[PDB]
Ligand SMILES: [Mn+2]
Ligand SMILES: [Mn+2]
């Protein structure tokens, strides 16, 4: 299957999430896009929403944040500061095109999709929190583009309902991501084998949305069959934002890309053919040799035939058939047995 | 599957290959066994052979080594110096029990197996070079013990014959290892996907014999389904105590991060579902007003109606006065 011009069955699709790590600056946003391409990412993912896309402008208990940096402010106000403006989208997509990196966005409402259609995005991203919204999922499926869905909070019934919707809307490019929580979350809670379970149960392509640090999660995801890797990206390590705690800077993201690319090539082939190095080591494989001198007409036995290294003699499969036959030639001790010697 | 007292379906069986890294001194060998437990290995594997077990005492071209440290010497001479003497096995096995680590050996001839039977080994190891010897494989398979086999040089036909032999001799504990060559071997040449193919084609347990440095091969092997990791240990391609301990911790890190296939929501996943989408009143709604896009909005948090009701809810009438920002519930329509 293909995302834009990218074959995800040949290379792992590494996505750098621009997220809110532009810190409200278009200059930092454009600087981050070219650096993600320099880091080795294949696509940049921005978030397209307005506060109306996400929540309600209300003073009620449900809509005020508890305990965070916004310990008593509104959800509408939080999403306002972290929003990626519509005004930047023209420059963001064009800057990604100039740098050669792919670009797509994560919408959060119907209005964001209608705005995104003017860019004709190669793919769509459904965040974990919007996965249980069938009407939103159906609206994105009608776009007939590869859709990546985060399964962080979705139940199996909801994941099954997502599949039926994509089959209903005749959209075959559905990808499911396993989510890993950000530290101090423990490694035991990663459950990276859910990548395999997601592929088997729902017959979709699978990937990893990694909010953890290090190489354990992305490197194992490649081995587990994940073909899309998503990591949050920020240009600077002092660029404080709403996601700077679990994001990667240019150095760590480039290092993660190299770790994932090494895993890809180290996955190699299923074929059990003997490589050039394996054939060089097969010289010292077991083979049948003469463990004593054998005159013509003498019969072969355990006493004059021995399975030894190197492999220049008869293959050890001949041992039972060879035993009891008569030598056709004079065989000195240490001679490699050949066909015709018996 | 159980190897001795080790249950291989719960934990990855990490084997430290002592090989000839004792340098011909029993004092160094016993120190290596004590370090394997500190590194986190579950078993140490020694080699049981005499030069007769491997090759012939001959000066002919076939039996002289080319290009190594033994650039023109005999194969018989190399195996004589690198041998693990039979006299050491008793102390080696007794040291393994005292340190709490498992111990088994790699035989290379019939005579070596009969010597090992006095120790009742939990498992046997067939080196790659002996994998094409069906008479040797049949002899080891008849021991009815878990047998780990290196597929480094074995052909597909030979691997099938090993399975047929183990099926013939009714020994079901057959394990195949994928081999990775040592430096200068490239990462591209690893072909670690053969771990899965070995499991699929031959219906055996799979493992990794790693001669490479780093964590790429062992950590990926855990993800690929390997339940045996084999590494050479020394107190050129071996690992010291620090490198082996670092690899063991890396392998155990991979195990815990593998987790479950189960897709149930964990405690952390349930905490984040609070911020899932739900149906709320996006305007004030008087009793008897019909619901529409203008007065119903799917938003965060999740305290309102589940978004599945959006199609059914649209067009129905409110049964009560609903204010803006109110979570929609069953009975509001
Ligand atoms: Mn994320
Ligand atoms: Mn080895």
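Elements of the type helices (runs of 4 or more DSSP H) sitting completely within the range A:1-120 and holding at least 1 residues that are more than 16 Å from ligand 2 (Cβ to nearest atom) and away from every other protein chain (no Cβ under 13 Å): these cover A:26-39, A:75-82, A:86-99, A:110-116. Each residue in the range A:148-163 was checked for being closer than 19 Å to residue A:199 by Cβ and within 16 Å of ligand 1 (Cβ to nearest atom), and 6 of them qualify.
Could you please find all residues in the range A:213-231 being within 11 Å of ligand 1 (Cβ to nearest atom) and touching a helix residue (DSSP H, G or I) at 6+ places or on another chain (Cβ under 9 Å)? Reasoning before the result, please.
Taking the range A:213-231 first, the residues within 11 Å of ligand 1 (Cβ to nearest atom) are A:230-231.
Once the filter is applied, which keeps residues that are within 11 Å of ligand 1 (Cβ to nearest atom) and touching a helix residue (DSSP H, G or I) at 6+ places or on another chain (Cβ under 9 Å), the range A:213-231 yields only A:231.
Looking across the range A:206-229 at every residue that is closer than 11 Å to residue A:177 by Cβ and surrounded by 24 or more Cβ atoms within 10 Å (Cβ to Cβ), the one that is nearest to the other protein chains (Cβ to nearest Cβ) is identified as A:221.
Of all the listed residues (A:167, A:144, A:161), the sole one being farther than 22 Å from residue A:229 by Cα, away from chain B (no Cβ under 11 Å) and more than 16 Å from ligand 2 (Cβ to nearest atom) is A:167. Across the range B:304-325, the number of residues qualifying as surrounded by 17 or more Cβ atoms within 10 Å (Cβ to Cβ) and within 53 Å of the chain's Cα centre (by Cα) comes to 7. Filtered by the rule that a residue be farther than 16 Å from residue A:35 by Cα and touching a helix residue (DSSP H, G or I) at 6+ places or on another chain (Cβ under 9 Å), the range A:242-260 gives A:242, A:243, A:259, A:260. Within the range A:271-289, track down each residue that is facing another protein chain (nearest Cβ under 9 Å) and more than 30 Å from residue B:190 (Cα to Cα). Within the range A:271-289, A:289 is the sole residue that qualifies.
Only one of the numbered conditions (1) at the interface with another protein chain (Cβ under 7 Å from one of its Cβ atoms); (2) farther than 30 Å from residue A:182 by Cβ is not met by residue A:266, and that is (2). Candidates are the residues of the range B:147-158 that are farther than 15 Å from residue B:230 by Cα and at the interface with chain A (Cβ under 8 Å from one of its Cβ atoms); the one that is nearest to ligand 2 (Cβ to nearest atom) is B:153.
Taking the condition over 22 Å from residue B:267 (Cβ atoms) and within 22 Å of the chain's Cα centre (by Cα), does residue A:147 pass? It would help to see each step written out before you state the result.
Details: over 22 Å from residue B:267 (Cβ atoms): yes; within 22 Å of the chain's Cα centre (by Cα): yes.
It is true that residue A:147 is over 22 Å from residue B:267 (Cβ atoms) and within 22 Å of the chain's Cα centre (by Cα).
Note on the range A:55-109: residues that are on the phi > 0 side of the Ramachandran plot and more than 28 Å from the chain's Cα centre (by Cα) amount to 1. Here is a list: B:285, B:290. Which entry is in contact with a strand residue (DSSP E or B) (Cβ under 7 Å, 6 or more places away or on another chain) and surrounded by fewer than 18 Cβ atoms within 10 Å (Cβ to Cβ)? Just a single option satisfies the conditions, and that option is B:290.
Looking at the range A:121-141 only, could you name the residues that are in a loop (DSSP other than H, G, I, E, B) and either within 16 Å of ligand 2 (Cβ to nearest atom) or within 30 Å of residue A:193 (Cβ to Cβ) (or both)?
Correct list: A:122, A:123, A:127, A:131, A:132, A:133.
Inside the range A:307-342, can you point out the residues that are facing another protein chain (nearest Cβ under 9 Å) and over 13 Å from residue B:62 (Cβ atoms)? Of everything in the range A:307-342, those that are facing another protein chain (nearest Cβ under 9 Å) and over 13 Å from residue B:62 (Cβ atoms) turn out to be A:307, A:315, A:316, A:317, A:319, A:320. Among the criteria (1) within 13 Å of ligand 2 (Cβ to nearest atom); (2) in contact with a strand residue (DSSP E or B) (Cβ under 8 Å, 6 or more places away or on another chain), the one residue B:236 does not fulfil is (2).
Can you work out which of the residues in the range B:177-205 that are within 16 Å of ligand 2 (Cβ to nearest atom) and more than 10 Å from chain A (Cβ to nearest Cβ) is surrounded by the fewest Cβ atoms within 10 Å (Cβ to Cβ)? Within the range B:177-205, the match that is surrounded by the fewest Cβ atoms within 10 Å (Cβ to Cβ) is B:183.
Every number here is computed from the coordinates shown, using simple stated rules; none is lab data. Cβ sites come from the backbone with ideal geometry, for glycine too, and all protein chains shown count toward neighbours.
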